[PDB]
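Listed next as structure tokens: two forms of one protein chain, kept apart as structure 1 and structure 2.
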Structure 1
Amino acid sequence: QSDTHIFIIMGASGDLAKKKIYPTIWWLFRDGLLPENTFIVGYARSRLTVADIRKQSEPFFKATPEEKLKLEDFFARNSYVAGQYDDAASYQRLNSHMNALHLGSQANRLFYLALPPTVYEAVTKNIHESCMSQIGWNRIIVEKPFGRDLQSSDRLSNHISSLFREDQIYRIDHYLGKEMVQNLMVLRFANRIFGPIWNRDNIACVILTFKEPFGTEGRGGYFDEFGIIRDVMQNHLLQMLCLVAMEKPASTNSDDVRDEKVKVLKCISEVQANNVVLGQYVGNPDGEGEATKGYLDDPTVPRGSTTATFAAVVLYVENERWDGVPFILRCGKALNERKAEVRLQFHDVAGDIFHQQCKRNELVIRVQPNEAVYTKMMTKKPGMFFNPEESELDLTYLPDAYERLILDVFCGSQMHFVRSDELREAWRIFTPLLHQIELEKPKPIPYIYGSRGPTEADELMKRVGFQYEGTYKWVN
């Protein structure tokens, strides 16, 4: 026997709904991954119909002629309820319509909050007042931003926690669903070869990279209020750091894994400005098309903006495993490439017998693009003398990340979602730096659209212990 589920999309008229949520639920229904009795209920202020949602989402549905019957079966279970986000009568009508569905009283209710955070308090409070199922479970999906600093995020989290349990709150982060990011735990904890070296005695530095080759591309005003740190560092690179640095969990249960992640975060001190390099991209006169416009060339960006589109920060995990190992978090927009990557550079071999010709070993876990795991190491040069040369061992070798995250919410797996204590630790790490940046308005270092970013970032990486050589040559 299988229970019925109601997927309540609140804010279904928004861009996020039609472009990502409705197509994702459609793909999950197409492959039979959803529970059989799944009803999708929209909820927004705009007066639309299921026909309107179909019309605005089918270009993103990737709907091919073959499964048109399944398409019209999908919107058969779809429905819409118009109402306001702070009007109790609208929530009463929403609850009645959910109860008007087949087996709507014992159904599991999954609320996806595709709304700006400005209405999150009211939406969550009203959902807890009137739209909570008395038999099935009730889980809410919350989207970023989760506040802008420690205080505002703490306010929002305390409000949501005052109504919902931690097992009901799913703060969705699309990177925690990516294949390499989830493979990190198997790589670290299923293998003997990576166990004894994964510590400060063998690792010189850890580099976590998130590069984008495109700038703000028109919507620079929305980016201006947050900046690169809040946008990327505070969530993506910090989750990456937690996965890289965490102790082995007692089990693969979500609670144990998130316990280990928050335990790592609690061992990190607040970031100091001397360990931070900020940059803001400028236009490329030799660039072609969109690369010629700088961050300030966007009309929506306020004039004189000091918002950083690039950041390189050094964190330290002050515990037994990691003491003294710099964790370099590097992210930026309008850079030379797209790349999300974990790099461990190992210490020199103690007692070198090859006359300083050896290079530091490196383990690279490239999350994207073209997922790869390779370790740069030394091998004998084919020849006559005893000279090592750099080589590498390369790892050789379905629903996407968002689909699997939604499936996880369906199955109640919370390992790939940000816990409240994890969020608060993340905000406390970066809040003094964010306040200093907002207060002093330091001028970011300009860098040209399509470059690697400020050179001061490379200087900072070199200063904290990373050594780039440039002698490693690789051919596919």
Structure 2
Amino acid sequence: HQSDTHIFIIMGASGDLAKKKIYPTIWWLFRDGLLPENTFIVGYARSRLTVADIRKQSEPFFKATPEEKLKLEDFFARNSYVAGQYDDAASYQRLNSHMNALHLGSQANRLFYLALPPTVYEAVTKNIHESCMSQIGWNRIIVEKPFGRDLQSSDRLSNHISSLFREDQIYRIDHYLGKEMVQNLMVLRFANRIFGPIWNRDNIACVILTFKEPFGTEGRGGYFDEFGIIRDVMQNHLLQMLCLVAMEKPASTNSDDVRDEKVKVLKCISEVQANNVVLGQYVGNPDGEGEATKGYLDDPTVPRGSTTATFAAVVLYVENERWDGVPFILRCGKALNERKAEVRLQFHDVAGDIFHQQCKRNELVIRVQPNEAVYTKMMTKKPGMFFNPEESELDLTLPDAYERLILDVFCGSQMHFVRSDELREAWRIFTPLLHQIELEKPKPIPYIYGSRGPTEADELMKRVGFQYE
């Protein structure tokens, strides 16, 4: 994918999401030439702007340097902007004409990016499929989360998008996915007989899937209330972790095979009520800071009396022979004590204790971020004149995660993007939970800003059987 021209159409160029994360990401990719050499960027938005205005409002987040001002002005040499509405065939045809009025725009692999408001996904995708299809190269679409709110809405959206594009063209992206050691966990799991056969019900006691954040929801508090942590990260990213941990032997490790194993695991998950769900929400930190002094409900853009949770702890199980009866854990949140993303595989104790109850349950952490590291906290003898062992952390282990994911979109690798049927089954899993949520509006348990999360989650892992040192 380094020869044929590509177009990275950023719908919503004036959008805050674009200007804050997408344009700086493609700048990072373009200063180092990770995108293909003949890469075009064609923004699009309602507001009538220009390339100079884009420069003026986006340079500070690009944070370029006088050393590579030349590379910067080459980066804007590939840029362009188109003005139009989101539901009008006239402006859509104008966008198509502008795209075709480039270096083989029709031949260019139009890699659409939907950074536009969530309320229009249906209409924008319908217009894109009707008018903005190039019949030469692949036309992938990047749909940003979330993909509906409950089972019925998600099914309708998925069926519409399936009737428009095929799954080879739909790319459901997840920003938080590391893709660096979510990829290394696969190698560790498959290329070992040390971890291979003990990847079953008898040996691995449980799996803890954690994704914490150090910052709250300052400013953009009006986007999280309608959605909730479950639909934001818990149902997409934590299920991605759970599926890539619980998947059976793919036997060909391709994207389709791994997603099919994900579908098999998910189809092997029974219904989940509130009995395996815990919710939590944060409030003002008494030891305040520049942004910690105000809680979630202190954000003026958040509607008063909103029961949207920012912490979700759920336990899943897989009803197949390899994973029969063995538990899995999902934990996440925002504004927690410290940024982290780990997958702790706690193994069973060896049947028959001989070190006088000193045997600690062997672990295997995959700390996706920050300071990426994989380590097995196995236990070995301490040097000296003794015999007793000590639990020791044994380390076993570069574009950023988001630009790596965009590069994977360019390459065509759909390993880490949820499938239509995978999403359908995933929503089927939590349909009772989501219906209860939208019916009764459950009240999450308050927790302190920058804490470790509600104690009910740790109690949930304890009920599962997870052992905390």
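Take the two forms, superpose them, and find the largest set of C-alpha atoms that agree within 1.5 Å; that set is the rigid core. Numbering for residues begins at 1 and runs along the sequence of structure 1.
Core-based superposition between structures 1 and 2 leaves all of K333, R109, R171, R258 but one with CA shifts under 2 Å; the exception is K333. Relative to the superposed rigid core, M98 undergoes a CA displacement smaller than 2 Å between structures 1 and 2.
Shown in the overlay between structures 1 and 2, fitted on the rigid core, is a CA shift at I445 of 2 Å or greater. With a cut-off of 2 Å and the rigid core superposed, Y222 has a Cα displacement that reaches or exceeds the cut-off between structures 1 and 2.
Taking the core as the reference frame, the CA atom of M132 shifts 0.9 angstrom between structures 1 and 2. If you overlay the core, the Cα of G304 moves by 3.9 Å between structures 1 and 2. Taking the core as reference, the Cα of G383 moves 8.1 angstrom between structures 1 and 2.
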